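Below you will find one chain, with nothing else, as structure tokens; this is the form solved without ligand BZP, and questions on how it binds or moves follow later.
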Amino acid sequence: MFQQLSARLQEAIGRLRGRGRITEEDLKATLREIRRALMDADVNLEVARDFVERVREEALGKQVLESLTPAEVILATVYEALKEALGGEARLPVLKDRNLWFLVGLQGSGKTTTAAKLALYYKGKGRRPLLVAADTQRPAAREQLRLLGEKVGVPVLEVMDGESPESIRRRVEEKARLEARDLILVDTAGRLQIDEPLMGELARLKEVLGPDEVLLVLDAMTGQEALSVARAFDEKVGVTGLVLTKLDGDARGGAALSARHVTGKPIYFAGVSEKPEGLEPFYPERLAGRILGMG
């Protein structure tokens, strides 16, 4: 991911090197190509437009038309714009003595696998997590998490078919108290598409369990479609943060570049592989540099 956009941006900027001062026409042409590169990377249209306008403002604010090294000013301005579009500053969920987080998303988003990856990540951080398979309709879905969780050395509590939210709360609360778990991760039911029934169940489970965080897992490869899912989930359930999976997937990187603008939700973690340790915090600044070939 980002490979296509990265090459287009690096080319647009590099082609200005060693040519002395550039004309306003050169700047406009450059800004247009950047906007086009973003658009072709499935970046939201409004975001792409706002992006080039910000770079334009900041570039002129640095007298790019006067600079003898315009390529450097453009790189510096695009870098800041990329960093901000990607989230600005790295963000992570606030940890308290006791925490209960919800993992929501569609089937195939990597939600379940991410739930297990998240448990391992915080386990290595000194936390004592407890995984909860909350799909009261799909036993096989619950078994998938138990296997994934126990494999990483994390306990997993499976809900029973048709079990009520109140019953789930009780059992989870007990197991957490007995095993002294400080981080409860609830893996909610995942379906191929958004269906009112499931959304209602999620909303209800949220009311009874009262999670302090609701992480929405999204397949970054779905591009802008992911932002549509985010809106639906936020409007019907209420999310606090996002997790973009398959960032290593061969696809455009428009989702990550539009998330902040479109959803207003921070991207906490990123999925970079299938392996259990294929999850790491999302670093806006670091990603911005990688896209511009800064290493």
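Throughout, we count residues from 1 along the sequence that is shown. Here, rigid core means the biggest group of C-alpha atoms that superpose within 1.5 Å across both forms.
Enquirer: Determine, for stretches 60-68 and 41-49, which one has the higher mean CA B-factor as deposited.
Expert: Looking at the record's C-alpha B-factors, the answer is 60-68.
Enquirer: Could you settle it for me: does 30-38 or 222-230 have the higher average Cα B factor in the PDB entry?
Expert: The stretch with the larger average C-alpha B-factor is 30-38.
Enquirer: Going by the deposited entry, which of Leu157, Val78, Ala140, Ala90 has the highest CA temperature factor?
Expert: Largest recorded C-alpha B-factor: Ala90.
Enquirer: Among the candidates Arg169, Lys117, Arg127, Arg146, give the one with the maximum CA B-factor reported in the record.
Expert: Of the options given, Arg127 has the highest CA B-factor in the PDB entry.
Enquirer: Once the chain's modelled residues are ordered by C-alpha B factor and cut into thirds, is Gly200 in the lowest, middle or highest one?
Expert: CA B-factor rank for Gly200: middle third.
Enquirer: What third of its chain's C-alpha B-factors does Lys265 belong to: lowest, middle or highest?
Expert: It falls in the bottom third of the chain.
Enquirer: Where does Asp187 sit by CA temperature factor within its chain: lowest, middle or highest third?
Expert: Tercile = lowest for this residue's CA B-factor.
Enquirer: Using the temperature factors of the C-alpha atoms in this entry, rank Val272 within its chain: lowest, middle or highest third.
Expert: Top third by C-alpha B-factor.
Enquirer: Can you tell me whether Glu173 has a C-alpha B-factor in the lowest, middle or highest third compared with the other modelled residues of the same chain?
Expert: Its C-alpha B-factor, which the entry lists for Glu173, ranks in the highest third among residues of this chain.
Only in words, not in the display: the form solved in complex with ligand BZP, which the text now covers.
Enquirer: Hey, in the deposited bound form, is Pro281 touching ligand BZP, heavy atoms inside 4.5 Å?
Expert: Output for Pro281 is yes: heavy atoms within 4.5 Å of ligand BZP.
Enquirer: Is there a non-hydrogen atom of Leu287 within 4.5 angstroms of a non-hydrogen atom of ligand BZP in the deposited bound form?
Expert: Looking in the deposited bound form, residue contacts with ligand BZP include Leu287, since a heavy atom lies within 4.5 Å.
Enquirer: Under a 4.5 Å heavy atom criterion, is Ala270 part of the interface with ligand BZP in the deposited bound form?
Expert: Yes, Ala270 sits close enough to ligand BZP in the deposited bound form that at least one of its heavy atoms falls within 4.5 Å.
Enquirer: Using a 4.5 Å heavy atom cut-off, state whether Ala48 contacts ligand BZP in the deposited bound form.
Expert: Output for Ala48 is no: heavy atoms all beyond 4.5 Å of ligand BZP.
Enquirer: Identify, from the list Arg177, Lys96, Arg170, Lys151, the residue with a heavy atom within 4.5 Å of ligand BZP in the deposited bound form.
Expert: Checking each option against ligand BZP in the deposited bound form, the one that comes within 4.5 Å is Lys96.
Enquirer: By the heavy atom within 4.5 Å rule, which residue out of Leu247, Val229, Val262, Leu27 makes contact with ligand BZP in the deposited bound form?
Expert: So the residue touching ligand BZP in the deposited bound form, by this definition, is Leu247.
Enquirer: Quick one: find which of 158-166, 199-207, 67-75, 96-104 has residues within 4.5 Å of ligand BZP in the deposited bound form by heavy atom distance.
Expert: Within 4.5 Å of the partner lies stretch 96-104.
Enquirer: Taking ligand BZP as it sits in the deposited bound form, which residues of 30-64 have a non-hydrogen atom within 4.5 Å of it? Please list them.
Expert: The stretch 30-64, when checked against ligand BZP in the deposited bound form, contributes no residue at the 4.5 Å heavy-atom cut-off.
Enquirer: Have a look at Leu120, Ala176, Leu157, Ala81 and give me the residue whose C-alpha moves 2 Å or more between this form and the one not shown, with the fit done on the rigid core.
Expert: Only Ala81 moves by 2 Å or more at its C-alpha.
Enquirer: Relative to the superposed rigid core, does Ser67 relocate between this form and the one not shown - that is, does its Cα move 2 Å or more?
Expert: Indeed, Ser67 is displaced by 2 Å or more.
Enquirer: Does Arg138 move appreciably between this form and the one not shown, meaning a CA displacement of 2 Å or more on the superposed rigid core?
Expert: Yes, because once the rigid core is superposed, the C-alpha of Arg138 moves 2 Å or more between this form and the one not shown.
Enquirer: Compare the position of the CA of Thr245 between this form and the one not shown after a rigid core fit and state whether the shift reaches 2 Å.
Expert: Shift at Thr245: below 2 Å after core fit.
Enquirer: Closer or farther: the CA pair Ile194/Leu131 in the deposited bound form, versus this form, with a change of 3 Å or more?
Expert: Relative to the displayed form, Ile194 and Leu131 move farther apart in the deposited bound form - a change of at least 3 Å between their C-alphas.
Enquirer: Any idea whether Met199 and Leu257 get closer or farther by CA distance in the deposited bound form, knowing it moves 3 angstroms or more?
Expert: Pair moves closer in the deposited bound form.
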